[PDB]
Every structure is written in structure tokens, then in C-alpha cells.
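For the sequence shown, the positions run 28 to 37, 42 to 63, 76 to 107, 112 to 421 when the authors' numbering is used.
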Amino acid sequence: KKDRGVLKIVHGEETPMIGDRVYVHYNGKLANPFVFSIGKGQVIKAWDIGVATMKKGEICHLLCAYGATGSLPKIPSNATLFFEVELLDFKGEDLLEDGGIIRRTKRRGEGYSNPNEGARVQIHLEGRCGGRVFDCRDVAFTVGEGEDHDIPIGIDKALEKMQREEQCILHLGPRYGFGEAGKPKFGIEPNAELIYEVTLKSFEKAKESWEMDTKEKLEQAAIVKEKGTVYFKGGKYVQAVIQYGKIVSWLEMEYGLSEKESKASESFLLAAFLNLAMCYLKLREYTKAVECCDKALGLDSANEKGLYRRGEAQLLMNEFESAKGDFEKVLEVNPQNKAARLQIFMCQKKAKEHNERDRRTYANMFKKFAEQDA
């Protein structure tokens, strides 16, 4: 707006983008480190317009976009502060507190809501890798299943933090790009970091657990089971977890059901927990494995699979005694269990080997300190 509300005086040719996290130093003056997030009304409107024009380290002076009517006591009446702001540095938004998905918002959106997992979305995708564009199209897909249209799980995750019509840049770390496997169709290598430009044109959210009737849950349950299973067979474990989770999400707290419904429901529920257990043992997330077994056995205490997988997992977490507890209960439920007995053996074996190691470590690290007394 031509109206001179703010004007300024004065590094890299990059400047803070909406949502960026800024690092600066300031000072004001009427007639005479503070890190925030630009683009958001999290500070003066002027600080959102001027600081958002400074190149990195661009020390400048601004003359302001503030409380005309009455900001005092603490904020002098219809004042007009002046600032010196050393733009130290700015970074993109870390969407999952894990440096896995860093976003740079390019064009604010109109959304009030966001795509939830299961939503069907219409977007535009552009994927670079090492600076080479390997994908550019408009595509429709469902959130959590982008792997079906050759889209890394990172995009699905970011879509849940994106508004309708929003445009952004996403820096996916290996964890969210394709993986150890890479992507030959696109010529992408194992664990390659990727950069995507994305535009969320629109989306239709998936129904929440409670908006579906028992009829639908049970019908949808058979479909996602199948889908989660096809994923398992192809080693797309992360996606199988999402598919089996919907089942737990839909039927875990259900109450007031026909004996017939209730039974068909606990049936799905048990299979889902046990299937999740496999996925987690595959994903090497043992604590998750065990938790799924604890669920399953709360529905069926004599479940061989739950007791076995519970032991595979506990053995891997080194709870040797606990794990043994598992296989004991396996053979009581099935004395002819092949692998059962054999593991118990190993439980002992490894608990012995683990106790030895803890001892050489304790001794040495202890010795270490003692020699630290000069």
C-alpha cells in the first residue's frame, strides 16, 4: 500500500519467508536475542513487512503500523517508534520437531481446516533432487497413501499442516524422502534428501471415527485390512501401519453393539493389533511392538502369536527375564511350539552374555575414574 506506513535505510540474496523463524537484535525510538516468526501477527505489522525485506545480516533502520488509538501506559499514546534491527539469521519451520521436514511458506492460504489423514487431495507437485527436477505434475491422491502415486511420505505429513491454496517449499530429510531403497523410476539414490515445491489446490477430509456408523466401520475395516496387508507384502511397513491403525481407531472405543456386530468387531480389532505387532518388529520399533501385543492379549490372553511376538520384542529390548516369561506362556498354550523352546534357550544365553559385558564396562569405566584421581 503506497501509504508510507514504514520506510527503511541500510548479505545473501535470500529474505525471510512467511513462517520463517527470525533471529535479530533491535532498538526503538519515538521522537526519542528476540527470535519470533514473521508472516504471523506475532509482532508489529511493520516488523512483519520490513524485517521481511532485509537480506541476511542486513542491518537497517525502520520508521513506523502500530497502536494509534491508545497503547499506553507502557506504550506511549499515538507514538511512532523507530528501530535498528540487525537481522542475524532466519530459518525455515521445522514441522515435526525433528529436522525431517523443513517448510518455507511461499503463498499463504485461505484454509481454516487442514487435510486429515485419509483425506483426498488435489495438489501440484515439483520434486528436485540434487537440483535436478525429477517430477512435475498435478495429482490427486489420498493422504497417508501417497506412496501409491510415487509420493514420499514426507508430503503426506506436510499436507496435514497445509491450508487450502497454500504454496510452500519442503526440504525432506532421508527419513521422509524415499528411503534406503531410493527411487529408480526417478533415478533417486538411497536416503537422498529431497526438495519439493507444493500447492494444495483443494481437499475433501476423511470422516472422523465417530462420523461413521457401525455398518461403515465394519465395511471399511475389511478394505483397509486388505490394503495394509498388500503393503506388508511389499515391505511398505510405514503405510501398513497407517492402514491397520484406522481399524483400531474406528473400533477401539465402540460400545452398545449387537452381539453379532460386537463379535465381528473384536475380530478385526485383534487381527489389527497382531498385524501392527509384525509391522513394528519389522520397523524395529520394539516398544511399539510390545504395546500392540499387550492390547491383543487384553482381548485374547491365550493368543500364541501375541505371546510369541511379545517375546521376540522383549528379547530384542534385552528384558530377557520378561521375554522368557512370554515363551513360557507360549508352550503352555502350545507345548509343541517349534521355535518356542529354542528362543527360551537364547534368552538365557544372551542374558549371560549381557551380564558379562555390563561387568567389563562397569570395571573399566570405574577403573577410568580412579585413574582420574591424580
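Just so it is clear, CB atoms sit at the ideal spot from N, CA and C, and this is done for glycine as well.
Between residue i and the ligand GDP, is there a pair consisting of the residue's CB and a ligand heavy atom that are separated by less than 8 Å?
{"i": "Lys335", "result": "You won't find the ligand GDP in this model; it holds no ligand whatsoever."}
Quick one: is residue i buried, meaning 16 or more other Cβ sit within 10 Å of its Cβ, or exposed?
{"i": "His56", "result": "exposed"}
{"i": "residue 38", "result": "As shown, the structure holds no coordinates for residue 38; the chain passes over it, running from 37 to 42."}
{"i": "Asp373", "result": "buried"}
{"i": "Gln85", "result": "exposed"}
{"i": "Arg154", "result": "exposed"}
{"i": "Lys376", "result": "buried"}
{"i": "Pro47", "result": "buried"}
{"i": "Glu273", "result": "exposed"}
{"i": "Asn322", "result": "buried"}
{"i": "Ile270", "result": "exposed"}
{"i": "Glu192", "result": "buried"}
{"i": "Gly117", "result": "exposed"}
{"i": "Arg179", "result": "exposed"}
{"i": "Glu213", "result": "buried"}
{"i": "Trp90", "result": "buried"}
{"i": "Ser305", "result": "exposed"}
{"i": "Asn350", "result": "buried"}
{"i": "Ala387", "result": "buried"}
Comparing alpha-carbon positions, which option in the options lies nearest residue i?
{"i": "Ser249", "options": "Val190, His218 and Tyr302", "result": "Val190"}
{"i": "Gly146", "options": "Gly177, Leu61, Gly224 and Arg179", "result": "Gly224"}
{"i": "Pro221", "options": "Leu378, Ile294 and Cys176", "result": "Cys176"}
{"i": "residue 6", "options": "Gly234, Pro199 and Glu227", "result": "The structure shown does not extend to residue 6, since the chain is modelled only from 28 through 421, so no value can be given for it."}
{"i": "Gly32", "options": "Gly43, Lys88, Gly82 and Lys60", "result": "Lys88"}
{"i": "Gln361", "options": "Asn350, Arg151 and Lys397", "result": "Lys397"}
{"i": "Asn384", "options": "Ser296, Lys352 and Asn402", "result": "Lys352"}
{"i": "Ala112", "options": "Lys254, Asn125, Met97 and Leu304", "result": "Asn125"}
{"i": "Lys371", "options": "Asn411, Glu332, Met393 and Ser314", "result": "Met393"}
{"i": "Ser348", "options": "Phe367, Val380 and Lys335", "result": "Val380"}
{"i": "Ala166", "options": "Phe79, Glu255, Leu105 and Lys414", "result": "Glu255"}
{"i": "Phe79", "options": "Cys340, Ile49, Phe413 and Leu106", "result": "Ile49"}
{"i": "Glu45", "options": "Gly114, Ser369 and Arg151", "result": "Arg151"}
{"i": "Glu368", "options": "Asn402, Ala386 and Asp30", "result": "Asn402"}
{"i": "residue 40", "options": "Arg388, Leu247, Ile149 and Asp260", "result": "It's not possible to place residue 40 here, given that the chain moves directly from 37 to 42."}
{"i": "residue 66", "options": "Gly226, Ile216 and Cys215", "result": "Shown without residue 66, the model has the chain running from 63 straight on to 76."}
{"i": "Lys230", "options": "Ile216, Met412, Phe181 and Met259", "result": "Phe181"}
{"i": "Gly282", "options": "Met412, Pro123 and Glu194", "result": "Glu194"}
{"i": "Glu140", "options": "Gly114, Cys215 and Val295", "result": "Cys215"}
{"i": "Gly275", "options": "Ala421, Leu378 and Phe320", "result": "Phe320"}
{"i": "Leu247", "options": "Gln395, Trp257, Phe279 and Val168", "result": "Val168"}
{"i": "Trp257", "options": "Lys280, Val295 and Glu144", "result": "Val295"}
In whole angstroms, give me the CA-to-CA distance for residue i and residue j.
{"i": "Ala318", "j": "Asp405", "result": "39 Å"}
{"i": "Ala228", "j": "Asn365", "result": "29 Å"}
{"i": "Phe130", "j": "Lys99", "result": "17 Å"}
{"i": "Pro76", "j": "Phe137", "result": "12 Å"}
{"i": "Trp297", "j": "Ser314", "result": "13 Å"}
{"i": "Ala417", "j": "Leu363", "result": "34 Å"}
{"i": "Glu332", "j": "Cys340", "result": "13 Å"}
{"i": "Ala311", "j": "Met300", "result": "14 Å"}
{"i": "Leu105", "j": "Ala95", "result": "12 Å"}
{"i": "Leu119", "j": "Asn58", "result": "18 Å"}
{"i": "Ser309", "j": "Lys293", "result": "17 Å"}
{"i": "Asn63", "j": "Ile122", "result": "13 Å"}
{"i": "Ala410", "j": "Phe233", "result": "53 Å"}
{"i": "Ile92", "j": "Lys29", "result": "13 Å"}
{"i": "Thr408", "j": "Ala336", "result": "29 Å"}
{"i": "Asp420", "j": "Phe413", "result": "12 Å"}
{"i": "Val277", "j": "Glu400", "result": "39 Å"}
{"i": "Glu338", "j": "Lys415", "result": "39 Å"}
{"i": "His42", "j": "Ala115", "result": "34 Å"}
{"i": "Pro382", "j": "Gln395", "result": "19 Å"}
My assumption, with CB atoms under 8 Å, is that residue i sits in contact with residue j. Please give the rounded CB distance.
{"i": "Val53", "j": "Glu101", "result": "Rounded, the Cβ-Cβ distance is 12 Å, inconsistent with contact."}
{"i": "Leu61", "j": "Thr127", "result": "7 Å"}
{"i": "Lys307", "j": "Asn163", "result": "In fact, because the Cβ distance is near 30 Å, the residues do not count as touching under 8 Å."}
{"i": "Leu330", "j": "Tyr284", "result": "5 Å"}
{"i": "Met97", "j": "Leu142", "result": "With 8 Å as the limit, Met97 and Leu142 do not qualify as a contact, their Cβ atoms being about 25 Å apart."}
{"i": "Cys107", "j": "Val132", "result": "No, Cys107 and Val132 are not in contact; Cβ-Cβ is about 11 Å, not under 8 Å."}
Task: Stretch pair the stretch 157-165 + the stretch 228-239: three plus CB contacts closer than 8 Å - done: Not touching, per the Cβ criterion.
Open item on the list: Taking 8 Å as the cut-off, does the stretch 243-259 touch the stretch 165-178 (at least 3 CB pairs, one atom from each stretch)?
Closed with: Contact between the stretch 165-178 and the stretch 243-259 is present, because at least three Cβ pairs lie under 8 Å.
TODO: Could you tell me whether the stretch 195-214 touches the stretch 266-280, where touching means 3 or more Cβ pairs closer than 8 Å?
DONE: They do not touch, by the three-pair rule.
TODO: Pair every Cβ in the stretch 205-223 with every Cβ in the stretch 178-186, then say whether three or more of these pairs are closer than 8 Å.
DONE: Verdict: no, contact absent.
Open item on the list: Three or more C-beta pairs under 8 Å: does that hold for the stretch 356-366 against the stretch 335-348?
Closed with: The stretch 356-366, when compared against the stretch 335-348, does touch it at the 8 Å Cβ threshold.
Task: Stretch-stretch touch, CB-based, cutoff 8 Å, three pairs: the stretch 315-330 with the stretch 282-291 - done: Between the stretch 315-330 and the stretch 282-291, the count of C-beta pairs closer than 8 Å reaches three or more; the two stretches touch.
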